[PDB]
Structure formats: structure tokens, C-alpha cells
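Now for the letters of each chain:
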Amino acid sequence: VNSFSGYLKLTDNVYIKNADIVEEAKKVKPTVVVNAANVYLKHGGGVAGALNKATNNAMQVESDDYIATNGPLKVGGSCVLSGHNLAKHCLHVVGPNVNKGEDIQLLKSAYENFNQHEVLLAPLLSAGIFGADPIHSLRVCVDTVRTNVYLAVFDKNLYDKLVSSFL
Ligand SMILES: C[C@@](O)(C(=O)O)c1ccccc1
């Protein structure tokens, strides 16, 4: 049993809810929240700017030190950093950004990072401002992630379309 509430069960291991991932993280304090990161860990907008804003910019300060030491992530890659006031850990995952011309086949590699964690609160990778098709991102998630993933979908209209269209 875990703390996640009000999710629709899609598969054995994937759950979905219309929710603000920031507000969900604040309530649950999950072991792992996933950030929709870029390779520079520059948290300006979407999931990254909002989580970063909710940490009072401490996520960005930590991230700048990580990049200064290690250099940029790979598209499809990840790193584990602090969850600050939101979670124990934040798994920063880089899905491909269609609005930068990145290979959508890298979305499966991105979701494979989730399999290193038994339970996660996450957004749909590559969806929203990353430019991919959200129905596609949910399909790749279901077909790639084997650990227990609780997906928060910000847009009520999109949530209803994802549920209604789910195979
Ligand atoms: C915040 C967001 O990235 C999400 O994860 O739901 C998002 C996706 C799609 C439309 C609006 C917002």
C-alpha cells in the first residue's frame, strides 16, 4: 500500500490523475518525483520551472553545481538529485524536445530511467512544451516502465482525452 490517492489504474503498474505535480508532490512527499529536465538542468518553464519555483530556486542552485562538476546530461538520460521540500529525491529525466528537432525514439530510453526506482510520481515525458504527442508518451510509458508510476497530468482536457483514448 502507498499514499497516492484518486488515481485511475491503467495497467498493473501505471496510474494516472488530473493533478498539478507540484501540489501532488507537496501532499504525498514521494520517494521520487520526476522532473521534465533539459540537458543543462535549466529550469525555466513547465514542470521544471514550477518544481524549481516550489523549491524557492534551491533546485536550480543544486543543478548548477551538478552541471559545473559533471557537464550536461544526454537526451534520454537522467540524474538523481535532492527532492528538496517536494520529495526525498528528484529524478531529472531528459526526454527529447520536438521543438529542438530531437529523435522521438529517445523517448523510450528516457522512460527506461524510471525502472531504476520502485515507485515514482512523474509527468508525461516529451509532452506539453517538449512538443511530442501526449497519447504517444503515455503509450511509451506503459510499454517501457515496469516499476510503479503515478502520472500527474496538468491539463484536465488532456487528462480526459488520455483516459478516453487509452488502449
Ligand atoms: C505541465 C504539462 O507539462 C504536464 O505535465 O501535464 C503539460 C502538458 C500538456 C499541456 C499542458 C501542460
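Residues numbered from 1 in each chain as written, not as in the entry; some residues may be left out. Heavy atoms only, no water. Residues with missing side-chain atoms left out of burial classes, pairs and counts.

What the entry reports as its method is X-ray crystallography, with 1.0000 Å given for the resolution.

(A) Here's a closer look at the site of the ligand. Every residue close to the ligand is listed here: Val47, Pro123, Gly128, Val153, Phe154 and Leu158. At a separation of 3.0 Å, an oxygen atom of the ligand approaches a polar backbone atom of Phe154. Applying the majority rule of atoms within 2 Å of the grid points places the ligand in the largest pocket. (Near = heavy atom within 4 Å. Polar contact = N/O pair within 3.5 Å; in protein donor to acceptor, adjacent residues only side chain to side chain. 1 Å grid on protein atoms, 1.4 Å probe; cavity = no way out; pocket = protein on both sides within 12 Å on 5 of 7 lines; lining within 4 Å. Sits in = over half its atoms within 2 Å of the grid points.)

(B) The pattern of salt bridges, seen in detail. By the definition in use, this model includes four salt bridges. Put simply, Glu23 and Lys26 hold a salt bridge, and the shortest N to O gap is 3.0 Å. Of this pair, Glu23 and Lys26 both sit in helix α1 (residues 21-28), three residues apart, which is roughly one turn of the helix. Residue classification places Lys26 among the partly exposed residues on the basis of a relative accessible area of 42%. A salt bridge links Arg139 to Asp143, with the nearest nitrogen and oxygen atoms 3.0 Å apart. Of this pair, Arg139 and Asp143 both sit in helix α5 (residues 134-144), four residues apart, roughly one helical turn. Classification of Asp143 by relative accessible area gives partly exposed; the value is 46%. (Salt bridge = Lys/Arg side-chain N within 4 Å of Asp/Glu carboxyl O. Helix = DSSP H or I, 4+ residues; strand = E, 2+ residues; numbered from the N terminus. Buried < 20%, exposed > 50% of the residue type's maximum accessible area, 1.4 Å probe, protein only.)

(C) Up close: the packing of α5 against helix α6 (residues 156-165). Where α5 meets α6, the closest approach of the two axes is 10 Å, and the angle between their N-to-C directions is 55°. Classed by the angle they form, the pair α5 and α6 counts as oblique. Considering only the axes of α5 and α6, their crossing is right-handed. The segment α5 lies against α6, with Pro134, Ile135 and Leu138 engaging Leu158, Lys161, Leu162 and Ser165. Of the residues assigned to the contact of α5 with α6, the class counts are five nonpolar, one polar and one charged. (Axes fitted to C-alpha atoms, helices over the stretch in contact; angles between N-to-C directions. Parallel < 35°, antiparallel > 145°, perpendicular 65-115°, else oblique. Left-handed = near helix turned anticlockwise from the far one by under 90°. Contact = heavy atoms within 4.5 Å. Nonpolar A, V, L, I, M, F, W, Y, C, P; charged D, E, K, R; others polar.)

(D) Representation of the environment of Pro96 within the structure. With respect to the helices, strands and loops of the structure, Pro96 is situated in the loop between β5 (89-93) and α4 (106-112). In the structure, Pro96 is positioned 30 residues away from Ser126 in sequence and 5.8 Å away in space, judged by C-alpha atoms. In contact with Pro96, other than residues within four places in its own chain, are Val75, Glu102, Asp103, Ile104, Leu106, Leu107, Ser126 and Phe130.

(E) Inspection of the layout of surface pockets at higher detail. One number sums up the size of the largest pocket: a volume of about 580 Å³. At four residues, helix α2 (residues 46-54) tops the list of elements feeding residues into the lining of the largest pocket. (Points joined across faces, edges and corners; volume = space filled by probe spheres on them.)

(F) Region of the structure containing α5. Residues of α5 that are buried: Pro134, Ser137, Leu138, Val140, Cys141, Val142 and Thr144. Residues of α5 that are buried make contact with β2 (14-18), α4, β7 (148-153) and α6.

(G) Broad picture of the state of the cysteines. As enumerated under the stated definition, the model contains zero disulfides in all. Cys141 carries a free sulfur, and the closest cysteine sulfur to it, the one in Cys90, is 16 Å from it. (Disulfide = S-S within 2.5 Å.)

(H) Representation of the environment of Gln105 in the model. Mapped onto the fold, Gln105 is located in the loop between β5 and α4. Classification of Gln105 as exposed rests on a relative accessible area of 59%.

(I) Quick peek at the pairing of β7. Extensive coverage of β7 is indicated by the burial of five of its six residues. In the sheet, β2 pairs with β7 via five bridges, with the strands oriented parallel. Within β7, the residue paired with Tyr15 across the bridge is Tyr150. (Pairing = 2+ DSSP bridges.)

(J) Structural detail: the nonpolar core. Grouped together as the largest cluster of nonpolar side chains are 26 residues, with contacts concentrated most on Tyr111, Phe114 and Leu151. Contributing elements (two or more residues each) for this core: β2, β3 (32-36), β5, α4, β6 (119-122), α5, β7 and α6. Among the elements that make up this core, the one with the highest residue count is α5 (four residues). Every residue in contact with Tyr111, bar those within four places of it in the chain, is listed here: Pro123, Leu124, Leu125, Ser137, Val140, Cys141, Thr144 and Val145. Core analysis: the second largest hydrophobic core is formed by 17 residues, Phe4, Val28, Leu51 and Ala87 among them. (Core = buried A, V, L, I, M, F, W, Y, C linked by side-chain atoms within 4.5 Å.)

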